[PDB]
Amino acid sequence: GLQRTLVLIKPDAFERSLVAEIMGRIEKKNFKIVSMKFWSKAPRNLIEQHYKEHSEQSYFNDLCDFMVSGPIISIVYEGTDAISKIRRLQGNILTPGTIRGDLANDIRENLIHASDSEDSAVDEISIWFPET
């Protein structure tokens, strides 16, 4: 079950210098970087597309604002059961042992995005890496 999955490293990661920490945890679980982009400021269209599912929620504009308030890294990762596993890795701000669990404490500012399903992954990879 070899998969690719899309990871965004969010502006708060850069603010708090947790970028390598975050990538290191994914690296140590043996997943490989397939492609990678650094955006000093992400084009607002990309961000809007990326969180399209949310275009209606009341947190949509604040979220876009924040996602654009600093650098982000978009990463395509590959490995056995990648989508599911990098999601567990991402975790949530409640449970320790995870990226969010250990280093994040905000509903908006939570360091990392990881695709949550087979479809969202294909989608998200084409948004950030259109060249396939």
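Residues carry their position along the shown sequence, with the first being 1.
Look at the mean CA B-factor for 54-62 and for 35-43 in the entry; the higher one is 54-62. On average the C-alpha atoms of 45-53 have higher B-factors than those of the other stretch, with 69-77 and 45-53 being the two compared.
The deposited CA B-factor of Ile125 belongs to the middle third of values across its chain. Per-chain ranking of the deposited C-alpha B factor places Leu103 in the lowest third. In the PDB entry, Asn110 places in the lowest third of its chain by CA B-factor. Placement of the Cα temperature factor of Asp116 within the chain: highest third of the modelled residues, per the deposited record.
The deposited CA B-factor of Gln90 belongs to the lowest third of values across its chain.
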